[PDB]
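**Student:** The structure is given below, and queries will be raised subsequently.
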2 protein chains.
Amino acid sequence: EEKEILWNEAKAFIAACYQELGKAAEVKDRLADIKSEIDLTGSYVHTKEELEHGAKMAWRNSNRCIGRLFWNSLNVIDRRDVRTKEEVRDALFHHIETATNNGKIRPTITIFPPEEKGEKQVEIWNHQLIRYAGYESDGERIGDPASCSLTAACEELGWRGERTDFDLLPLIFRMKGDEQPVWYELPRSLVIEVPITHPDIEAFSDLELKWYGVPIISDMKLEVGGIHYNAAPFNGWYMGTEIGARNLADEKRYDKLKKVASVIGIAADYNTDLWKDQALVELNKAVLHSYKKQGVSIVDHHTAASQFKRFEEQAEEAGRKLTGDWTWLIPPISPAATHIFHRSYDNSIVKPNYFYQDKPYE
Amino acid sequence: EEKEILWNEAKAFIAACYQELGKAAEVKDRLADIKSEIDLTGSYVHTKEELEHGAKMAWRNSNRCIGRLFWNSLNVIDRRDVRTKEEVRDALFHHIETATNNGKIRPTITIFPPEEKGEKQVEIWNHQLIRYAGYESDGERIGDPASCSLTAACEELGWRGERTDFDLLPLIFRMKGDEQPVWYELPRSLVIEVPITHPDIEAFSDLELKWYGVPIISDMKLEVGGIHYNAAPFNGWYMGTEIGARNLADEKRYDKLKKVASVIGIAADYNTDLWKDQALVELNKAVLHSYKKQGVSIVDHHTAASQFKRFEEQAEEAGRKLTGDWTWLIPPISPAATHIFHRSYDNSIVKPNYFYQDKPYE
Ligand code: HEM
Ligand code: HEM
Ligand SMILES: CCN(CCc1cccc(F)c1)Cc1cccc(NC(=N)c2cccs2)c1
Ligand SMILES: CCN(CCc1cccc(F)c1)Cc1cccc(NC(=N)c2cccs2)c1
Ligand SMILES: C[C@H](O)[C@H](O)[C@H]1CNc2nc(N)[nH]c(=O)c2N1
Ligand SMILES: C[C@H](O)[C@H](O)[C@H]1CNc2nc(N)[nH]c(=O)c2N1
Ligand SMILES: [Cl-]
Ligand SMILES: [Cl-]
């Protein structure tokens, strides 16, 4: 059943990919090559072209992603050659540097060897390559609660955080054949961070908020023609609401709205004053302002939705079915001010795609 | 098949209703009565208790409604006795007066005779009993575009609007046996309207915005134990976002955000300034402030979501399955600031319930 699922996914992916690449005549012979390679080895190896286009298709098919207009410009780095933990570390460090690009963020994915027997070659423990630690002691919370369990697992491995609200977690990953992951502190020269200030309200800096420049998701599986690349970190740039309306605002995250209300000079006493809404808007204005001022890429939710509308128009004109998850595509502030809120989307799963996988800790 | 659908719905409703009313022992004999009444007449007549509880259950089962905590206090007015158009008019006028209650809004439903052969006895054309007209001429828009087609149909019947942005549509409805609906101008003494002012920004009144106090939906079918009450207008009070974030804000409605930005003193030039978001928050603050100042009931979306959380807790403790439509329950501003955004809901249809029906015009 395994070779069979693999062969079926392979046939479908190659046909579609080669059709998109104008290589339809090559499908028959490539599929023959593949079928015998599966017969003899139990798997097959993608060409560089397939791997690159596969990763781009996978982004294009990500139902929850508002940023998909730019799917065809994904920078794909092929690291299927790595064998050692130093090589993995250096490839992750490199991804950070080249994706960051001095603030002008380049959407990039680095692809490591794929699972074999469902056996991982490289197992990345981080949720994102750059993220902040979280702690709970004396019922007192420090840092990012979403990082609590991974932070605890790193401290089990001999790492120790400074317990600021913004400790950078080390890279942490396990190699096939090793019982424990290794961890490596991030060089600070590689990590751009943005202090959050407000364009008009000077007191806003009293909150001492900041966030990191580049979100690099490192715990999803890329699936392409039946091959499972469980280790394939990827980044875009942030949409400002992700930081201003969720990471810094959620009660179960940094929970800053009451403090925001206070520095912007409004009472946080009555639901009918809409103080949370007002605090949310000023915090989100500050986030966009701060990234722009530092020369770090970011997009506001209005511009992002306009780009997404173009993606829809592009799909239609290319004759491709559009799929989407309305509940994730609407931004968490003023969603009815975007066109997204007012239409519906088919939430069917199309492959290639990025998928959740079980955490190796907790 | 018709008597069969009716009998099946009847059995289910009576059992459930009598169980809730502590009258389980009466179900067997009531169902016998019903079965022969259906045999002999093709239908059956609800007792006053069934009709009242049926309407309350229908509200409780409305997946899209955030205001359901208060389902058991619905005021049910039984007007199954009406036979004449004057009687219908006077019952609609009465509903407006008693629901409005001098500003302290009472959730009320008036129930007219139900369909017989699928033949309507009373056919109400209005979407709400109180709503504003809409016009399009010279490509120039006046009033509420959502009312354009009904406005055109009323003007076909000899009504003429003044073409202000807030013309009250007449009541318009058709009686069984009549080829055309009749229309009746609303007495202005019955209609509370609220001028929109802002608690801090004096210039806000320059926009000359207002809205009506009481939303009274008059075009949905109430279905209870297989009986189709196509004419059964009902009201609650407004949640402020319905007015401030949609009716007055949508581009296809009153489209006021640019004007709002202007009177609150912000530029409406750059997406990254989040001027639409900021305008939305100030407009919504003004709406809540204005209703409160006039002594007309209204609820903000934070309080409404807290009430809805109680409805969920109440369902669970009563052992009732909860159903809901996440896409409609989230408010259109700051939805991630409510608990609703962060959980999921079963969108199954349970009866009794309120349903859309085809418009008799257009
Ligand atoms: C270029 C700028 C990009 C922007 C502005 C953007 C925007 C977003 C946003 C706002 C989300 C929702 C995240 C959340 O609420 O937690 C998202 C989800 C997602 N994006 Fe994108 N994205 C971009 C690029 C990319 C790239 C390069 C990929 C992969 C190649 C990608 C794949 C995804 C996936 C898989 C999700 C869903 C994550 C999940 O289900 O948890 N995106 N995107
Ligand atoms: C008491 C105060 C109430 C509040 C604050 C409230 C709130 C709301 C809101 C905000 C909506 C969404 C409307 C839209 O976006 O167009 C809604 C939908 C709805 N409500 Fe309520 N509601 C209340 C009372 C009632 C009552 C008394 C009934 C009937 C007995 C009712 C039945 C419904 C139904 C059927 C819908 C869905 C309409 C549709 O699908 O188009 N509600 N409610
Ligand atoms: C933690 C919140 N987001 C994912 C939600 C999640 C993740 C892991 C486990 C969960 F249960 C839920 C993170 C995320 C995912 C995808 C995109 C983004 N935002 C971005 N702009 C990008 C990150 C990488 C490419 S684009 C954030
Ligand atoms: C026109 C927008 N709303 C319904 C959407 C709709 C209506 C008719 C046809 C459509 F295609 C779509 C109106 C509505 C419906 C239900 C409740 C409310 N708001 C209220 N607070 C109440 C009105 C009546 C009881 S509560 C508004
Ligand atoms: C239950 C609900 O679907 C869930 O909490 C979602 C809602 N939509 C979302 N949308 C985005 N973009 N990100 C999120 O974390 C969530 N949370
Ligand atoms: C397509 C989408 O589901 C639709 O436009 C909805 C979204 N959620 C909504 N929710 C409410 N309460 N009211 C609405 O009119 C809408 N519009
Ligand atoms: Cl994030
Ligand atoms: Cl309305």
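Numbering starts fresh at 1 for the residues of each chain in the structure tokens, the chains themselves are lettered A, B, ... in the order given, and ligands are numbered from 1 as they appear.
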What's the 9 Å shell around region 326-343 of chain B, counting only C-alpha atoms, without same-chain residues fewer than 2 positions away, as number ranges by chain?

**Tutor:** A: 245-246, 249-251, 276-277, 280, 326-327, 332-337, 341; B: 63-66, 241-242, 245-246, 277, 280-281, 301-302, 305-306, 308-309, 324, 345-347

**Student:** Please produce a file of those selected residues containing N, CA and C atoms, as a compact mmCIF listing (two decimals), in the first residue's frame.

**Tutor:**
# COMPACT_ATOMS: atom_id res chain seq x y z
N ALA A 245 -2.03 42.25 16.32
CA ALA A 245 -3.36 41.79 16.73
C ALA A 245 -3.37 40.43 17.39
N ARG A 246 -2.27 39.69 17.31
CA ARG A 246 -2.26 38.35 17.88
C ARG A 246 -1.04 38.13 18.83
N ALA A 249 -1.04 40.89 21.35
CA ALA A 249 -2.39 41.21 21.87
C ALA A 249 -3.14 40.09 22.57
N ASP A 250 -2.97 38.85 22.10
CA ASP A 250 -3.76 37.76 22.68
C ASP A 250 -3.51 37.65 24.18
N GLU A 251 -4.56 37.32 24.93
CA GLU A 251 -4.38 37.11 26.37
C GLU A 251 -3.44 35.96 26.69
N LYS A 276 -10.47 48.21 23.70
CA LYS A 276 -9.61 47.16 23.12
C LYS A 276 -9.44 47.37 21.63
N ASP A 277 -10.53 47.74 20.97
CA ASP A 277 -10.46 47.96 19.52
C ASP A 277 -9.50 49.10 19.18
N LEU A 280 -5.96 48.10 19.87
CA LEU A 280 -5.54 47.24 18.75
C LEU A 280 -5.13 48.02 17.52
N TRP A 326 -11.47 30.41 4.52
CA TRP A 326 -12.01 31.74 4.83
C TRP A 326 -11.72 32.16 6.25
N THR A 327 -11.82 31.21 7.19
CA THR A 327 -11.59 31.51 8.62
C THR A 327 -10.18 31.95 8.98
N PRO A 332 -7.53 39.59 11.43
CA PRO A 332 -8.17 39.65 12.75
C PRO A 332 -8.53 41.08 13.14
N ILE A 333 -8.20 42.07 12.32
CA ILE A 333 -8.85 43.35 12.52
C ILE A 333 -9.46 43.89 11.23
N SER A 334 -10.54 44.65 11.38
CA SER A 334 -11.39 45.08 10.26
C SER A 334 -11.57 44.09 9.12
N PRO A 335 -11.95 42.83 9.42
CA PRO A 335 -12.03 41.88 8.29
C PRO A 335 -13.11 42.22 7.24
N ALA A 336 -14.21 42.83 7.67
CA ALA A 336 -15.25 43.23 6.73
C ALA A 336 -14.83 44.40 5.82
N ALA A 337 -13.69 45.02 6.10
CA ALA A 337 -13.14 46.03 5.19
C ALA A 337 -12.33 45.40 4.05
N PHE A 341 -13.79 38.83 3.27
CA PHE A 341 -14.90 38.61 4.21
C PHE A 341 -16.22 38.37 3.46
N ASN B 63 -28.15 29.49 14.33
CA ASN B 63 -26.70 29.33 14.34
C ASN B 63 -25.94 30.64 14.20
N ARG B 64 -26.52 31.60 13.48
CA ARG B 64 -25.79 32.82 13.19
C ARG B 64 -25.95 33.89 14.25
N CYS B 65 -26.78 33.63 15.26
CA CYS B 65 -27.16 34.69 16.20
C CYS B 65 -26.30 34.70 17.47
N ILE B 66 -25.60 35.81 17.72
CA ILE B 66 -24.77 35.96 18.91
C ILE B 66 -25.62 36.30 20.13
N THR B 241 -21.82 47.00 16.12
CA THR B 241 -21.09 46.75 14.86
C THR B 241 -22.01 46.58 13.63
N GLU B 242 -23.24 46.11 13.82
CA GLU B 242 -24.11 45.93 12.66
C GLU B 242 -24.33 47.26 11.95
N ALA B 245 -20.07 49.10 11.63
CA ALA B 245 -19.08 48.39 10.82
C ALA B 245 -19.62 47.85 9.51
N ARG B 246 -20.94 47.84 9.34
CA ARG B 246 -21.51 47.29 8.12
C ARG B 246 -22.50 48.27 7.44
N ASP B 277 -9.33 51.27 9.60
CA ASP B 277 -9.53 50.63 10.91
C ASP B 277 -9.86 51.65 11.98
N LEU B 280 -13.27 53.10 11.45
CA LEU B 280 -14.23 52.10 11.93
C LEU B 280 -14.41 52.12 13.43
N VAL B 281 -13.30 52.20 14.16
CA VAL B 281 -13.42 52.23 15.62
C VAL B 281 -14.14 53.50 16.10
N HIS B 301 -19.99 44.59 20.93
CA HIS B 301 -19.64 43.22 20.55
C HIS B 301 -18.88 42.47 21.63
N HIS B 302 -18.23 43.18 22.55
CA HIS B 302 -17.50 42.50 23.63
C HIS B 302 -18.50 41.95 24.64
N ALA B 305 -20.45 39.02 23.02
CA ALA B 305 -19.70 37.77 23.06
C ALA B 305 -19.62 37.17 24.45
N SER B 306 -19.56 38.02 25.49
CA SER B 306 -19.55 37.49 26.87
C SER B 306 -20.87 36.84 27.18
N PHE B 308 -22.82 35.51 24.92
CA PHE B 308 -22.85 34.28 24.12
C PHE B 308 -22.07 33.14 24.80
N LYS B 309 -20.97 33.49 25.45
CA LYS B 309 -20.18 32.50 26.20
C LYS B 309 -21.09 31.90 27.27
N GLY B 324 -23.70 26.48 15.87
CA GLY B 324 -23.33 27.86 15.58
C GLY B 324 -22.61 27.98 14.26
N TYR B 345 -17.45 25.71 16.03
CA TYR B 345 -18.88 25.51 16.27
C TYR B 345 -19.43 24.57 15.22
N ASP B 346 -20.30 23.66 15.65
CA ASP B 346 -21.02 22.75 14.77
C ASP B 346 -22.14 23.53 14.06
N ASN B 347 -22.09 23.62 12.73
CA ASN B 347 -23.07 24.43 12.00
C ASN B 347 -24.29 23.61 11.52

**Student:** Can you list, as an NGL selection string, every protein, DNA or RNA residue that comes within 9 Å of residue 275 (chain A) when you count only C-alpha atoms, leaving out same-chain residues fewer than 6 positions away?

**Tutor:** :A and (257-258 or 261 or 266-269)

**Student:** Hey, which of B:68, B:120, B:289, B:198 ends up closest to chain A? Count only C-alpha atoms.

**Tutor:**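 Comparing B:68, B:120, B:289, B:198 against chain A, the winner is B:289.
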
**Student:** Here is a test: counting only C-alpha atoms and all ligand atoms, which residue of A:100, A:73, A:235, A:272 is nearest to ligand 1?

**Tutor:**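 That would be A:235, the residue with the smallest distance to ligand 1.
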
**Student:** May I have the residues within 12 Å of residue 237 (chain A) as a PyMOL selection string, using only C-alpha atoms and disregarding those fewer than 2 positions away in the same chain?

**Tutor:** chain A and resi 66-68+70+99-101+103-108+212-217+234-235+239-243+291+296-300+304

**Student:** Residues at most 9 Å from residue 229 (chain A), counting only C-alpha atoms, excluding those fewer than 2 positions away in the same chain, as an MDAnalysis selection string?

**Tutor:** chainID A and resid 111:115 120 220:224 227 231:232

**Student:** Measuring atom to atom with only C-alpha atoms, identify which of A:233, A:22, A:42, A:199 is nearest to chain B.

**Tutor:**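 Ranking A:233, A:22, A:42, A:199 by distance to chain B, first place goes to A:199.
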
**Student:** From a DSSP calculation on the backbone, collect every residue of region 12-152 of chain A in helix (DSSP H, G or I) and output the set as an MDAnalysis selection string.

**Tutor:** chainID A and resid 12:20 24:41 48:60 68:73 85:103 145:152

**Student:** Measuring atom to atom with only C-alpha atoms, identify which of A:16, A:274, A:207, A:124 is nearest to residue 173 (chain A).

**Tutor:** A:124

**Student:** Find the residues near residue 91 (chain B): any atom within 8 Å, counting only C-alpha atoms, skip ones fewer than 3 places away on the same chain, and give them as JSON, numbers by chain.

**Tutor:** {"B": [79, 87, 88, 94, 95, 110]}

**Student:** Could those selected residues go to a file with N, CA and C atoms, as a tab-separated table (two decimals), in the first residue's frame?

**Tutor:**
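Dumped everything to out15.tsv:
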chain	number	residue	atom	x	y	z
B	79	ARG	N	-50.94	36.27	16.57
B	79	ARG	CA	-51.92	36.91	15.69
B	79	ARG	C	-52.40	35.99	14.56
B	87	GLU	N	-56.21	44.62	9.85
B	87	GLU	CA	-55.76	43.87	11.01
B	87	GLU	C	-54.26	43.58	10.95
B	88	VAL	N	-53.76	43.25	9.77
B	88	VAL	CA	-52.31	43.01	9.65
B	88	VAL	C	-51.53	44.29	9.91
B	94	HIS	N	-48.60	47.82	16.05
B	94	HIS	CA	-48.50	47.41	17.45
B	94	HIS	C	-47.16	46.76	17.82
B	95	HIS	N	-46.71	45.85	16.99
B	95	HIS	CA	-45.40	45.24	17.21
B	95	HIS	C	-44.32	46.31	17.36
B	110	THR	N	-44.29	38.63	16.37
B	110	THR	CA	-45.73	38.56	16.11
B	110	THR	C	-45.90	37.48	15.07

**Student:** Tell me, as a list in words, which residues lie within 8 Å of residue 7 (chain A), counting only C-alpha atoms; anything in the same chain fewer than 2 positions away does not count.

**Tutor:**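 Everything that qualifies: residues 3, 4, 5, 9, 10, 11, 35, 38 and 226 of chain A.
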
**Student:** Save out the residues we just selected, N, CA, C and O atoms, as a PDB file, in the first residue's frame.

**Tutor:**
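Writing the result to out_28.pdb gives the following:
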ATOM      1  N   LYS A   3       4.113   1.788  -1.407  1.00  0.00           N
ATOM      2  CA  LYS A   3       4.628   2.039  -2.754  1.00  0.00           C
ATOM      3  C   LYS A   3       3.500   2.506  -3.660  1.00  0.00           C
ATOM      4  O   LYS A   3       3.699   3.300  -4.581  1.00  0.00           O
ATOM      5  N   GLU A   4       2.305   2.001  -3.385  1.00  0.00           N
ATOM      6  CA  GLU A   4       1.145   2.337  -4.183  1.00  0.00           C
ATOM      7  C   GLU A   4       0.699   3.784  -3.962  1.00  0.00           C
ATOM      8  O   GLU A   4       0.421   4.504  -4.922  1.00  0.00           O
ATOM      9  N   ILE A   5       0.625   4.218  -2.707  1.00  0.00           N
ATOM     10  CA  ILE A   5       0.312   5.616  -2.448  1.00  0.00           C
ATOM     11  C   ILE A   5       1.385   6.491  -3.092  1.00  0.00           C
ATOM     12  O   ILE A   5       1.076   7.546  -3.668  1.00  0.00           O
ATOM     13  N   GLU A   9       0.713   9.327  -6.068  1.00  0.00           N
ATOM     14  CA  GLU A   9       0.993  10.730  -5.825  1.00  0.00           C
ATOM     15  C   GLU A   9       2.023  11.208  -6.845  1.00  0.00           C
ATOM     16  O   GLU A   9       1.954  12.342  -7.315  1.00  0.00           O
ATOM     17  N   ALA A  10       2.972  10.334  -7.173  1.00  0.00           N
ATOM     18  CA  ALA A  10       4.058  10.658  -8.107  1.00  0.00           C
ATOM     19  C   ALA A  10       3.528  10.953  -9.513  1.00  0.00           C
ATOM     20  O   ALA A  10       3.860  11.985 -10.113  1.00  0.00           O
ATOM     21  N   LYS A  11       2.696  10.047 -10.018  1.00  0.00           N
ATOM     22  CA  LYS A  11       2.052  10.216 -11.314  1.00  0.00           C
ATOM     23  C   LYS A  11       1.307  11.530 -11.398  1.00  0.00           C
ATOM     24  O   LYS A  11       1.421  12.239 -12.390  1.00  0.00           O
ATOM     25  N   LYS A  35       8.849   4.800 -11.862  1.00  0.00           N
ATOM     26  CA  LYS A  35       8.227   3.535 -11.473  1.00  0.00           C
ATOM     27  C   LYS A  35       9.252   2.460 -11.153  1.00  0.00           C
ATOM     28  O   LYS A  35       9.094   1.720 -10.178  1.00  0.00           O
ATOM     29  N   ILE A  38      11.131   3.348  -7.905  1.00  0.00           N
ATOM     30  CA  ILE A  38      10.315   2.939  -6.764  1.00  0.00           C
ATOM     31  C   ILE A  38      10.367   1.412  -6.571  1.00  0.00           C
ATOM     32  O   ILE A  38      10.540   0.923  -5.448  1.00  0.00           O
ATOM     33  N   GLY A 226       4.363  12.636  -3.209  1.00  0.00           N
ATOM     34  CA  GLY A 226       4.492  11.462  -2.363  1.00  0.00           C
ATOM     35  C   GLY A 226       5.747  11.404  -1.505  1.00  0.00           C
ATOM     36  O   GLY A 226       5.902  10.481  -0.694  1.00  0.00           O
TER      37      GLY A 226
END

**Student:** Can you pull out the residues contacting region 150-156 of chain B? Cut-off 9 Å, using only C-alpha atoms, and skip same-chain residues under 2 positions away; I want them as a list in words.

**Tutor:**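 Near neighbours after the sequence-gap exclusion: residues 125, 126, 127, 132, 133, 134, 135, 146, 147, 148, 158, 159, 160, 161, 169, 170, 172, 183, 361 and 362 of chain B.
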
**Student:** Export, as a PDB file, in the first residue's frame, the selected residues with C-alpha atoms.

**Tutor:**
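Once written, again_33.pdb looks like this:
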ATOM      1  CA  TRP B 125     -42.585  42.289   1.368  1.00  0.00           C
ATOM      2  CA  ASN B 126     -40.392  44.331   3.736  1.00  0.00           C
ATOM      3  CA  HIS B 127     -37.006  42.984   4.768  1.00  0.00           C
ATOM      4  CA  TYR B 132     -34.548  53.116   4.633  1.00  0.00           C
ATOM      5  CA  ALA B 133     -35.225  53.431   0.912  1.00  0.00           C
ATOM      6  CA  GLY B 134     -32.505  53.350  -1.704  1.00  0.00           C
ATOM      7  CA  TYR B 135     -32.321  54.933  -5.144  1.00  0.00           C
ATOM      8  CA  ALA B 146     -29.690  47.243  -0.060  1.00  0.00           C
ATOM      9  CA  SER B 147     -33.229  48.675  -0.415  1.00  0.00           C
ATOM     10  CA  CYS B 148     -33.030  49.542  -4.113  1.00  0.00           C
ATOM     11  CA  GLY B 158     -47.928  54.436  -6.299  1.00  0.00           C
ATOM     12  CA  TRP B 159     -45.671  55.190  -3.339  1.00  0.00           C
ATOM     13  CA  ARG B 160     -43.112  57.999  -3.875  1.00  0.00           C
ATOM     14  CA  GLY B 161     -40.063  58.570  -1.679  1.00  0.00           C
ATOM     15  CA  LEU B 169     -40.183  52.657   3.412  1.00  0.00           C
ATOM     16  CA  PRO B 170     -43.913  52.041   3.909  1.00  0.00           C
ATOM     17  CA  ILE B 172     -45.880  46.593   2.214  1.00  0.00           C
ATOM     18  CA  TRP B 183     -48.695  49.725   1.316  1.00  0.00           C
ATOM     19  CA  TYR B 361     -40.612  40.923  -5.959  1.00  0.00           C
ATOM     20  CA  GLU B 362     -37.483  40.985  -8.196  1.00  0.00           C
TER      21      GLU B 362
END

**Student:** Using only C-alpha atoms and all ligand atoms, can you tell me which of A:254, A:210, A:131, A:136 comes closest to ligand 3?

**Tutor:**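 Selected residue with least distance to ligand 3: A:131.
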
**Student:** For ligand 6, which residue among A:325, A:78, A:179, A:316 is the nearest when counting only C-alpha atoms and all ligand atoms?

**Tutor:**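 Of A:325, A:78, A:179, A:316, the one nearest ligand 6, counting only C-alpha atoms and all ligand atoms, is A:325.
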
**Student:** Could you state the separation of CA of residue 14 (chain B) and CA of residue 58 (chain B) in Å, given to one decimal place?

**Tutor:**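 For CA of residue 14 (chain B) relative to CA of residue 58 (chain B), the distance reads 13.6 Å.
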